[PDB]
């Protein structure tokens, strides 16, 4: 008995609210386990590298992040090196907080599963750390730079009701079927 899930699209107010914290008594519980399993499953089906609970319609501070080596390798080596893209294992964070460690800004195109079909360049900090709980309830601080830091920031912004269209260079917004190419 399979089921349907959908990623909410811009216009749904759940993407602009401030997600609520998960309560201690829910940690390690069945309901949070179903939510984390669904987030990871959607994230992986869509081949995206992060997803947050509000995008599945659940206004709670939960997000998952993963970048498999196959996806880094899909990126041409020069572009991979420019973006400082390196793989990293799946991590799920509950009630996370972000601390900026290197505030230099780096700008590259990104897109969001909740604004399907578009990209724009967005400046992001070079390095950050995210601290929060696992769904079992243990604390972890994960520090990263480059593309991983960009993913952490994009996903953290979703828990504050922020989407990348709020931070983009709007003259670079584009449907994914238009692209710049080498002559």
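Residue numbers count along the first chain shown, from 1.
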Report summary line: Ranked by mean Cα B-factor in the entry, 19-27 and 169-177, top stretch is 19-27
Report task. Between 116-124 and 41-49, name whichever shows the higher mean Cα B factor according to the PDB entry. Result -> 41-49
**Report entry** Out of 96, 77, 109, 89, highest CA B-factor residue
**Finding:** 77
Query raised in the report: At the C-alpha atoms, which of 55, 33, 153, 61 reaches the highest B-factor in this entry?
Result: 33
Query - B-factor third for the C-alpha atom of residue 157 within its chain - result: lowest
Report summary line: residue 149: CA B-factor among chain residues, third -> lowest
